[PDB]
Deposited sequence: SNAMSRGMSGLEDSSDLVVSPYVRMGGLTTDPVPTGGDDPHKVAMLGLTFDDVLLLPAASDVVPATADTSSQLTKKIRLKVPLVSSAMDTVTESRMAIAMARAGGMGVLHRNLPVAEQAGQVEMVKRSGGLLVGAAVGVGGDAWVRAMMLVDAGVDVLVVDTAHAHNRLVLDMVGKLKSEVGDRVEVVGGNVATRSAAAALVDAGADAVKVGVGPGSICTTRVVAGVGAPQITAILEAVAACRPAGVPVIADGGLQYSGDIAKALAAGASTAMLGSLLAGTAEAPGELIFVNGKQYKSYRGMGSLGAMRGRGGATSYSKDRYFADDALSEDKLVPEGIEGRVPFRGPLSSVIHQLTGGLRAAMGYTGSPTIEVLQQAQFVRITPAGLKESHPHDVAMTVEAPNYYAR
């Protein structure tokens, strides 16, 4: 009998061909939708629907109270990071709540200390707890999700992540998650794929997680690796209901951390929460910087405008229809035709 053409005799050793955002384009389809008439609302969780299907990452260079307020006012939501004392994270929940009953989420880990944190976040009025771990396919993480759902699930929605497989998503669904957050390896500041050799290209990860979550009515949050507004449309078309953004929002005025003026231009610090600086285990993230991008409201407007254009091209009046769109797979040469090419760009563009 002939070997598997990539080696050995086990056809399941190399189990899948993983596609990322740059591997696919959305195909145009028959459409009565124009960007103005598209409806961008979508479920964050079973019970919570957002006007704009975007949430900010639970990172100490992305989301504290000002980002959470701005995201909610723009129609999305912030997830407050957990790299700070319990009392301060709960205080920031209260700061968001005092700004008009805006929606807010907050991350917690797993274990006794994370439980105390979760309880004080609930008492502070948080709408969404995000059980936020590097590898959610673990009974301790599943136990955390289910125990939160058991004890405070009437009052608060409970998200679990992160996963990158159908079986891991199914495990979180069975534990009672109100949403499943997908992404192991794809983040712009993540080094898991080189440090551990572990990951899953995000379009395939979403397609697999959605195969478990969609039939259970559980929304999927696509988390990490989105670098363009078009990636939002691709993630939702692969079946996610919202996207979580770190890099694309770290450059905004509302993101915490230093505004850096270096060699005539403007940047802001952006670092993985598994980086050496954030943990102060070998690090699984880097510390870096992103270009300054101005007010959050303006960035969100550009991102949602790109999503609306995709809905016009695909004939999607709603995100639920966009989730039914088809991809074409592209080659490395198609990636060059898919970006502007063979021209020296001379003027600034707001979305490129």
Gaps relative to the deposited sequence fall at 1-29, 310-332, 405-407
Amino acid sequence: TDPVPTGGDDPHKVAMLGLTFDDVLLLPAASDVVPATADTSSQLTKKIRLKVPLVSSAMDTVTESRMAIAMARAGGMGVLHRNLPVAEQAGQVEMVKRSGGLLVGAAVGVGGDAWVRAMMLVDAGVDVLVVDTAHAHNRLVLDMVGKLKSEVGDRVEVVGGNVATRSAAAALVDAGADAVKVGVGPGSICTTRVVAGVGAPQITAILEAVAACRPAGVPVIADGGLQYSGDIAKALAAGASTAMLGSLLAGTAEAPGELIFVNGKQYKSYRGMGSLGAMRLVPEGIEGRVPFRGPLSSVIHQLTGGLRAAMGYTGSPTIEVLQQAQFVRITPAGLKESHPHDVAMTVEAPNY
From here on, numbers count along this sequence of modelled residues.
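Rigid core here is just the name for the largest C-alpha set that superposes within 1.5 Å across the two forms.
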Return whichever of 255-263 or 184-192 has the larger RMS Cα deviation from the displayed form in 8 other deposited structures of this protein, where every structure is aligned on the rigid core. 255-263
Stretch with the higher entry mean CA B-factor, where the candidates are 242-250 and 98-106: 98-106
Given 286-294 and 46-54, the range whose Cα B-factors average higher in the PDB entry: 286-294
Highest CA temperature factor in the entry: which of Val152, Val210, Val128, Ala136? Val152
Taking the Cα B-factors listed in the entry, which of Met120, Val145, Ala196, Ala179 comes out highest? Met120
Just say lowest, middle or highest third for the CA B-factor of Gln266 relative to the other modelled residues in its chain. highest
Once the chain's modelled residues are ordered by C-alpha B factor and cut into thirds, is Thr63 in the lowest, middle or highest one? middle
By the recorded C-alpha temperature factor, relative to the other modelled residues in its chain, which third is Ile300 in? middle
Ordered by C-alpha B-factor within the chain, which third holds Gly18? Give me lowest, middle or highest, please. lowest
Chain thirds of CA B-factor: placement of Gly161: lowest
